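Visitor: below is the structure, and that's it, no one-letter string:
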């Protein structure tokens with residue numbers, strides 16, 4: 001389909017220096033998938049977190065192409 005099939009390798013960084021996840025995100029996965037994986041990795045389910053890509057706050061409904069994500073990009077997590 002129009003999204004193609006190139007996996008996006010991303011790093012996700014929270015407020016603690018050790019809060020780092022690397023994730024391979026499928027182009028057909030909404031950003032909520034990344035948000036859930038981050039929460040699980042870091043033991044933060046239920047926490048009120050705000051995720052940003054290059055300053056844009058994520059709802060989790062975005063697809064990577066909505067944001068223009070590419071491998072090697074970073075997602076920042078506040079909270």
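Guide: Cool, got the structure. Numbers count the residues shown, from 1 in each chain.
Visitor: start and end of stretch 1-11, how far apart?
Guide: From its first residue to its last, stretch 1-11 covers 25 Å (C-alpha to C-alpha, to the nearest Å).
Visitor: spatially central residue in this structure, please.
Guide: For the chain, residue 34 is the residue whose C-alpha lies nearest the centre (C-alpha atoms, centre = their mean; 4.2 Å).
Visitor: do I have it right that that residue meets residue 26?
Guide: No: contact criterion C-beta atoms under 8 Å: residue 34 and residue 26 do not qualify, at 10.2 Å. Quick note: C-beta positions are derived from backbone N, CA and C, even for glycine.
Visitor: could you report the neighbour count for residue 24?
Guide: Neighbour count of residue 24, defined by other C-beta atoms under 10 Å: 10.
Visitor: thought it was touching residue 12?
Guide: No: Residue 24 is beyond contact range of residue 12, at 11.8 Å (criterion: C-beta under 8 Å).
Visitor: which residues do the two both contact?
Guide: Counting by C-beta atoms under 8 Å, 6 or more residues apart in numbering, no residue touches both residue 24 and residue 12.
Visitor: list the helices and strands the helix or strand containing the residue nearest to the centre of the chain packs on?
Guide: Remark: residue 34 resides in helix 31-42, with elements defined by DSSP states H and E. Judged by 3 or more C-beta pairs under 8 Å, 6 or more residues apart in numbering; DSSP states H and E, the packing partners of helix 31-42 are strand 8-13, strand 20-25, strand 50-53, strand 74-78.
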